[PDB]
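# Notes for the structure review
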Amino acid sequence: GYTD
Amino acid sequence: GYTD
Amino acid sequence: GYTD
Amino acid sequence: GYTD
Amino acid sequence: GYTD
Amino acid sequence: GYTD
Amino acid sequence: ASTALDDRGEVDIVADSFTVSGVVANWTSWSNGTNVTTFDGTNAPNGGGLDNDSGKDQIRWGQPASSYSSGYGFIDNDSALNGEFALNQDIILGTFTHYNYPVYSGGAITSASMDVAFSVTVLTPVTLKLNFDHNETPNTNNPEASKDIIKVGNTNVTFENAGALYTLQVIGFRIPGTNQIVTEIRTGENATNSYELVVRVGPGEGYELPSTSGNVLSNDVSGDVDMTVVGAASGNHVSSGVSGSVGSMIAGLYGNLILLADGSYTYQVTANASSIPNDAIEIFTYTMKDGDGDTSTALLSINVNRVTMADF
Amino acid sequence: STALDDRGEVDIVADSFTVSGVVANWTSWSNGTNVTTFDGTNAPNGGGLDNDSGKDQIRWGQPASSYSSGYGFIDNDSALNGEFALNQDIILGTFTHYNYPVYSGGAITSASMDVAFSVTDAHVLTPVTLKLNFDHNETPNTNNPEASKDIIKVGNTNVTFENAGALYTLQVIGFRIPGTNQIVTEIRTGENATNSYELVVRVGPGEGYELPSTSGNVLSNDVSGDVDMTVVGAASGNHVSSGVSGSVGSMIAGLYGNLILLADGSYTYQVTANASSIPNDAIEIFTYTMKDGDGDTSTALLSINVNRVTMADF
Amino acid sequence: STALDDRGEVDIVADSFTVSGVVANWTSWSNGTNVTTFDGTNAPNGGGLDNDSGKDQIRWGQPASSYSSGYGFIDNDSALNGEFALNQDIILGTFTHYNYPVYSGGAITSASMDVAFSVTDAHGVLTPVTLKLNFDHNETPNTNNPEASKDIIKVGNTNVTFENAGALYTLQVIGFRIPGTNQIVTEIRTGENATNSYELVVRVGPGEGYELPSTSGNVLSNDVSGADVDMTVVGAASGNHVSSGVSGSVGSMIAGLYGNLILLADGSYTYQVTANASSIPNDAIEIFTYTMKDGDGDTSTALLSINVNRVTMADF
Amino acid sequence: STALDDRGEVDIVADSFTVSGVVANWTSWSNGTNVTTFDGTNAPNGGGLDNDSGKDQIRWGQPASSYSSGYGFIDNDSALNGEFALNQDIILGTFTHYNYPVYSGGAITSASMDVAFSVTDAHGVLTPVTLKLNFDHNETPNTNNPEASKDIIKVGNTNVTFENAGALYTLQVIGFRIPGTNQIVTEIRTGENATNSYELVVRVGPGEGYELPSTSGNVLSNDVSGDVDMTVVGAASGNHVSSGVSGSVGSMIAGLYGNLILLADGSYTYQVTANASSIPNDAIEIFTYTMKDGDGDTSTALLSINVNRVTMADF
Amino acid sequence: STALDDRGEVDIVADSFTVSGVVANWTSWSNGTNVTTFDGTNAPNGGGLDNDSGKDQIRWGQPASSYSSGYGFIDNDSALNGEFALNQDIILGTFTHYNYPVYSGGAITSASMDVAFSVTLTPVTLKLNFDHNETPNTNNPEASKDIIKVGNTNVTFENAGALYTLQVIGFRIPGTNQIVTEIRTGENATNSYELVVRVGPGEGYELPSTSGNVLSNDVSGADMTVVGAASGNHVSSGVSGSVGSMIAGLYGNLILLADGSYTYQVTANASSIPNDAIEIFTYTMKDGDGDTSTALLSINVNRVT
Amino acid sequence: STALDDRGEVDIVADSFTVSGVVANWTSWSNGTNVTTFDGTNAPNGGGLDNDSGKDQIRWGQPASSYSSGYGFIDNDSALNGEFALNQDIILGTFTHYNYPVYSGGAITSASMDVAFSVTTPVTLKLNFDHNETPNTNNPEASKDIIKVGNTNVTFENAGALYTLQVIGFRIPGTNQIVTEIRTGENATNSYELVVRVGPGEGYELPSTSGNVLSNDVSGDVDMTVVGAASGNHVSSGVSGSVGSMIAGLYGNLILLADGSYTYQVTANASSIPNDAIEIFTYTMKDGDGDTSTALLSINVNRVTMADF
Ligand SMILES: [Ca+2]
Ligand SMILES: [Ca+2]
Ligand SMILES: [Ca+2]
Ligand SMILES: [Ca+2]
Ligand SMILES: [Ca+2]
Ligand SMILES: [Ca+2]
Ligand SMILES: [Ca+2]
Ligand SMILES: [Ca+2]
Ligand SMILES: [Ca+2]
Ligand SMILES: [Ca+2]
Ligand SMILES: [Ca+2]
Ligand SMILES: [Ca+2]
Ligand SMILES: [Ca+2]
Ligand SMILES: [Ca+2]
Ligand SMILES: [Ca+2]
Ligand SMILES: [Ca+2]
Ligand SMILES: [Ca+2]
Ligand SMILES: [Ca+2]
Ligand SMILES: [Ca+2]
Ligand SMILES: [Ca+2]
Ligand SMILES: [Ca+2]
Ligand SMILES: [Ca+2]
Ligand SMILES: [Ca+2]
Ligand SMILES: [Ca+2]
Ligand SMILES: [Ca+2]
Ligand SMILES: [Ca+2]
Ligand SMILES: [Ca+2]
Ligand SMILES: [Ca+2]
Ligand SMILES: [Ca+2]
Ligand SMILES: [Ca+2]
Ligand SMILES: [Ca+2]
Ligand SMILES: [Ca+2]
Ligand SMILES: [Ca+2]
Ligand SMILES: [Ca+2]
Ligand SMILES: [Ca+2]
Ligand SMILES: [Ca+2]
């Protein structure tokens, strides 16, 4: 999934 | 005060 | 004739 | 005497 | 009078 | 013969 | 018919020292983290190393998507400070590390605050707040855009000592060894970033570099004729005279100078007081010009004196 | 016995280089106090101006009465007009010595100045820098004003540079009191005084600068019994009618150069003149007088052609 | 008209010689009274110790108060660790000036000192090389002026050229250095009843003398203004300053990171790598900014970028 | 371990040049007052005589008490018998320093002298050669300090390279020399109201510069051990094997003919310094060294160098 | 024996006369055909112009190819600026010789020219004589040249009750220093020479000069001889030779005879004679025993009104 | 710990004796065959000539090839000019060794020579020689003949004061080396100067002086030890080594013992001893603690007349  |  |  |  |  |  | 005369000035810089305890850091507040933990630093893989207090100088957040949680670390510089806070001197309070690891989107704080507490020897406890905005950016294929931005604030705290006010003040972050002070760090994901945290403490209610002011054309002589500064430079350069740099920042040995065209100057002692010798003098050269157009060069000599806290 | 006339020749290059304006930078020194270098200004002690941004002024010392001592160099760009002639005294610039009284110990002992320019060939430029070295003697000031003088000494430095697959060498000759022709390599300036002097240089072919020259022996074609001959006289010009006595192994000035003739017939001749002073079909003439062992004299001539040649000619 | 970016490059040899320890011997002098040469000792005026039986100390003079004047050289063998970097400042040893009041006329006027070592080169072949070092001395008359009564040493920029792997190298005295500073001098002034220690800096490079690495060119060759207008450089500066464009400093010496640049008005430039090769990174480039001007009066700014390449001696 | 004996060889050109008489002519000078160049005369301050017409005399100054100061050069032609031997000390003439009190500022600060001569070859061709002699002058201020009121001259180590039978040769000044002593000085100090006479030593050799004969090598290269490292611990002139030797490693060690320096790692250089008249026709220079292996065992050997005399035709 | 230094002195007048512009008239001649005296014109053979109505040109002869032979004199009034300096080479004018091919018999044999001016305003005139030889033309161009000869005439005049004498010195190839009194000029060619004159005090013009004996002061016991002389100070060396030769100094020439007698003539223009000028010579003496000795001859050269 | 400067002094006599010419006579010998003494003549094997009728030549042997072996002594009268200087190498004569092959058993074994002169006092000096006419074999070095001379003396009076002349030895002319035994090849000769010296006293003793350098030195029960000595001034460096070695100076030799004891012997000819002369040595002392210290030992070398003592 999306990471930061 | 010596001059050179 | 002659010159100087 | 005189020194150098 | 200074000499060299 | 012999010398010195 | 005009002659620029020599100018004399002087500025005091306090070159004393405070007796301080060791310092203790606690991450006390924040906004918006998921799974936020503060803790005393551990030798664990993502633990930030150790220090000598029970304070919580580590703070993480986020749900690891690859391994470790992002966060901040602060490790005091107590061993080197030897219970001492020099005045008007860059002080490494500690080393700040930025642990930027990839965390599931939305998991990061947006801001956090850290107290740093110590005493001043009788024993006056004082605390300094440290503010941080945080930007865990969305990670994309652009590694420079996928970086994380911290911003620290120039907070201060003012405290009393021998019936006199002093002010500690955040200066900023410093790549260790480089002299460059920033207020925002950029760390790549899967990486850390260690910076010295530079502070300084001076007299007064805020921290202000020592500084002095005046006018060079005040003692200058001109028939009425109006005068104008046309050059300034660091050092003695009378033989040459000087052109240019009016109203520019001009670096000397101990501080910077600005001379305006009408003679007005300000001079700021920026140097650490460890670099200010006794009987110190900063020399600048100016060149003046009267209305006729006739140049004239003189000097501006400022004593930079080292005074004790008791002195004033 | 009979001395026979002798013939020689020497070539001197009489060409010209296209050169740029020259920029002088004081690059190094030892032992000054408050040493400053700068592009020249009309400030009182500023050394005056020139057409570059190079720093041709250098001062030093802590003035005890007014100004700081130092060196000045103002190029001769305007008058050279982008040309270096060869085998020709060239005023590269005017060197001034600013000697004022400075507090003891305040002076350099040595300093170096670069002189840079480019040299156009066949389109293109060839940058060349000549180092110039100086020993400085800021003397102790006493009541003997000649002793209290300060001494500069310049060096015979050179720079060899290439042009059309051929070497050329610029070379410091020395200092010159303007208008006097006398070259010195040491200056003596009094306190509170300046001293301006042309800086003479020259450029010639080869790896160092050598004055044009020829050599030979006059007694080779001379005729005697065997019998040994000896040169017993030498003179500039034609003096056969008289014949000549003396000046054997003496420097003999001609029109264009100097001659030295030894007693055994050996001569060397050095074209010393600027090439501007060398006419198109020039011949330098000397008279010698020889003596055989019998004691019988005989006088002949030594005619030496001084040829002007282009750099291309060799 | 448009000035176009310009490229150059300069090679600097960044290798190393395996050298023995070095040995100093004062071999010659002129005009001294009671002159003595000796291996250094911890005697009070003995100049200290070193690792050899060479004569690195020299004294002269009839002491008028205590000790004799003289010179000391103490090799830096310990820190050099058998190695001479190329194009690198080398402290060969520490030179001291022992200046003491000696009776007038008692001093030399000149002296010379040898320095010998071997160079191991290839397959352990030892090539012995000696550097001559020349000194003019001026034991000045002593008066009530302590500056005029100082003694002046002058050292000469001597060299020695030697072969290594069929190639010439030249070691060369640079000068004296106040330890811990950066300034090179070739003359010392020392007070009486005082000493003066200075690093002796030398460097070794390829060729028959020592010449800093360097490169030359013209920035306007590539610039465009037609054949109907001539160009002129009007400014140069270290760094990238295209946004500003640059004014001034034509034909002035301009410091970069690694060396100095001089740009002439007609485009001619020389660049001299002055830095120690220890300061030259493996992808070093030195950028300068020039500004050109066509005859119409129209400005234009470009860049001169010079690669500073490190090479081995094998690349010869 | 066993230090084996060493063998080396250095060649010294021991020939001679056919030379004409030498002619001195003072050619340049800077900053004098009333500078006079002249041929030598038996006049009081004329510097004596010689066999040429060259100007071997120079004076300067305004006499404050009697004579002018100046520089003398009187060639050594009568003794040189028209010959310049190679690798040999050669008096080119005697230089006198005439030092008299002169009004301050009136002395030169520099002066150059040319010495000219011919060099005949096997075919008789005369090849003219000239040697420049440069002098720095210090006419010091005269004070009550007699030593500080002395005048200092400095001579430069100039040279001239000349061709002879398609071969280069270089004449080079060595310096001044008190006649009778051997010390070679490059600077002289003379008292006021006093003269100073010194021999001008010069030396001509093969090549483009003048270099004393020399040879090099390594004594440990043939020594035996292991791998066990070796170190020279002593060197000395002569044969001293019975004793073995300690010390003088990296010192200048004087022999009969020249000097040796042996380094701790075996590297030696040997320089023939001697005049070649003092080099016998089968000369050998002997040194003793003592080597040491790592175990600590000493061992003494010899270093024998032939000093060969050669003609200019040989190399 | 010891030679002792000797001191002499000479005076050279270094003042100036206010003079008018000068006017030249060819006034007399012998033996010309078609002789024309005229003020100079910009005509081809007119000799150029000047500031006068006087007749400074003179031609003669019947041209066989083009122009007539003749003489020209163009005053130097513009540069003299109303001044005659004393004991100074003065260019009075430029004399040209116009030598053209003229039918045999056409030439003068002699001619005279007046030069008139005032001196502030005592008017004075200097006569100028010329002998002329128009040679027969042959294939030898050197022999075909015509010779002019000028005469060293003078005129003496009064000024503030004091006598002065102007005097022809000779011709001078302009820009040189050589004075000649005879010219030679190729046919079909011209020849311009400065006319050098000088004016000094007295009834004729005499270079300043002083005299003496250097041995009068020298010491010995009962025979001295001068054996050397030279310009300059050469005592250290002593001097040999040049006794009774003319010895050039800075300002003038010296002749020293073997018995000690010397004469010194200041020849220089006074513009080149500094104030406090001193001309030094060296002599060397010899007594009968054979012992040399060298001294100096220091001669002041003074400047007077 | 501070070593102090030392001051010594030695007197050397630099006067001269007026002497006659000298006359040599071979007076005695042992075991020769056909031994002949004679005044020297320019006969081939006659030993050349001299200025008086003394028998300064001696030969022996029955020559097997040409000449007889023997010795020669030609006096140095021409150069001595009637003068014996004191404390000065004197060439009394040139001794030649004539070694030729003589039939085995033909040589003397012992031989003595008188040398006589007067002193303005007739005095004679005996000179002893042992001789070894070796056997002749194919080893030319073994076949050489050895002479040995003796260090005899004679003491005589002059102005009521005793002097002693003393043989020093043989000298290869022009060298400095003294030997007391000669070796000479068969069919060859050998000429050596005969060096002698004469000084005051009952024998000849080089001038000499003694002292202790640590006597004036300062040290704490601290003991001192000399650890180095060297000729010259070497205080700047200080000195190591050479304790108890012989140390050559300008005029003489020094030996400094580790305990400070020194002796100095003026060896030089007095023609080489200038007025105001001083011989200078450097020592380095050491206290028990281990702290070094360097000083000088300056010894005046005084010239005196015989009248002075
Ligand atoms: Ca992130
Ligand atoms: Ca005609
Ligand atoms: Ca026998
Ligand atoms: Ca803590
Ligand atoms: Ca902790
Ligand atoms: Ca913590
Ligand atoms: Ca991010
Ligand atoms: Ca002011
Ligand atoms: Ca001829
Ligand atoms: Ca310029
Ligand atoms: Ca400029
Ligand atoms: Ca400039
Ligand atoms: Ca000064
Ligand atoms: Ca001064
Ligand atoms: Ca470009
Ligand atoms: Ca070493
Ligand atoms: Ca050592
Ligand atoms: Ca050493
Ligand atoms: Ca001193
Ligand atoms: Ca001094
Ligand atoms: Ca000669
Ligand atoms: Ca002569
Ligand atoms: Ca001569
Ligand atoms: Ca003097
Ligand atoms: Ca002096
Ligand atoms: Ca070996
Ligand atoms: Ca006289
Ligand atoms: Ca007119
Ligand atoms: Ca007219
Ligand atoms: Ca007219
Ligand atoms: Ca004609
Ligand atoms: Ca006798
Ligand atoms: Ca007899
Ligand atoms: Ca007899
Ligand atoms: Ca035998
Ligand atoms: Ca003692």
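Its PDB record attributes the structure to X-ray crystallography, giving the resolution as 2.50 Å.

### Digging into the coordination of the calcium ion (ligand 23)
Residues and elements named next belong to chain J. Donor atoms from the polypeptide that bind the calcium ion (ligand 23) are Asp39 (OD), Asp50 (OD), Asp52 (OD), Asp52 (OD), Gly54 (O) and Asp56 (OD), placed at 2.7 to 3.2 Å. The site at the calcium ion (ligand 23) holds six donor atoms, and with the angles between them running 42 to 149 degrees, its shape is irregular. Counting the intervening residues between successive donors of the calcium ion (ligand 23) yields the motif D-x10-D-x1-D-x1-G-x1-D.

### Observations concerning the domain arrangement of chain G
Residues and elements named next belong to chain G. What the domain assignment lists for chain G is domain 1 (17-203) and domain 2 (209-307). Here the C-alpha centroids of domain 1 and domain 2 sit 40 Å apart. Contact residues are listed per partner, giving five residues for domain 1 and seven residues for domain 2. Buried area between domain 1 and domain 2, summed over both chains or domains, comes out near 390 Å², and the portion from carbon and sulfur atoms is 30%. Broken down residue by residue, the surface that domain 1 buries against domain 2 is led by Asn88, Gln89 and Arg200, which jointly contribute 87%. Remark: the boundary between domain 1 and domain 2 carries zero salt bridges. Viewed at the interface, domain 2 and domain 1 are joined by six residue pairs in polar contact. For the side of domain 1 that touches domain 2, the per-class residue count stands at one nonpolar, two polar and two charged.

### A short note on the coordination of the calcium ion (ligand 30)
Four donors placed tetrahedrally about a metal ideally form angles of 109.5 degrees, and six donors placed octahedrally ideally form angles of 90 or 180 degrees. Residues and elements named next belong to chain K. Donor atoms from the polypeptide that bind the calcium ion (ligand 30) are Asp39 (OD), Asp39 (OD), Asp50 (OD), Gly54 (O) and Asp56 (OD), placed at 2.2 to 3.1 Å. The distance between the calcium ion (ligand 30) and the calcium ion (ligand 29) comes to 3.9 Å, and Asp39 binds to both of them. With a gap of 17 residues between them, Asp39 in the loop between β4 (36-38) and β5 (57-60) and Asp56 in the loop between β4 and β5 connect regions that are remote in the sequence. Side by side, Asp39 and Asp56 carry an identical accessibility label, which is buried.

### Focus: the interface of chain I and chain H
How big an interface is tends to be stated in terms of accessible area lost as the parts join. Contact residues are listed per partner, giving 22 residues for chain I and 20 residues for chain H. Summing both sides of the interface, chain I and chain H together bury roughly 1,400 Å²; the carbon and sulfur share of this comes to 54%. By the criterion of area lost to chain H, the three top residues of chain I are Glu187(I), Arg189(I) and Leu264(I), representing 28% of everything that side buries. Inspection of the region where chain I meets chain H yields seven residue pairs in polar contact. Within the residue set of the side of chain I that touches chain H, elements represented by two or more residues are β14 (184-185), β15 (187-190), β17 (214-218) and β21 (268-273) of chain I. Of all the elements, β21(I) adds the most residues to the side of chain I that touches chain H, at three residues. Residue composition of the side of chain I that touches chain H, by class: eight nonpolar, nine polar and five charged.

Definitions and cut-offs
Residues numbered from 1 in each chain as written, not as in the entry; some residues may be left out. Chains lettered and ligands numbered in written order. Heavy atoms only, no water. Residues with missing side-chain atoms left out of burial classes, pairs and counts. Donors = N, O, S within 2.8 Å, 3.2 Å for Na, K, Ca; no water. Tetrahedral: all angles 85-135°; square planar, octahedral: opposite > 155°, others 65-115°. Domains from an automatic or database assignment. Contact = heavy atoms within 4.5 Å. Buried area = accessible area lost by both parts, 1.4 Å probe. Salt bridge = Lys/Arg side-chain N within 4 Å of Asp/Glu carboxyl O. Polar contact = N/O pair within 3.5 Å; in protein donor to acceptor, adjacent residues only side chain to side chain. Nonpolar A, V, L, I, M, F, W, Y, C, P; charged D, E, K, R; others polar. Helix = DSSP H or I, 4+ residues; strand = E, 2+ residues; numbered from the N terminus. Buried < 20%, exposed > 50% of the residue type's maximum accessible area, 1.4 Å probe, protein only.

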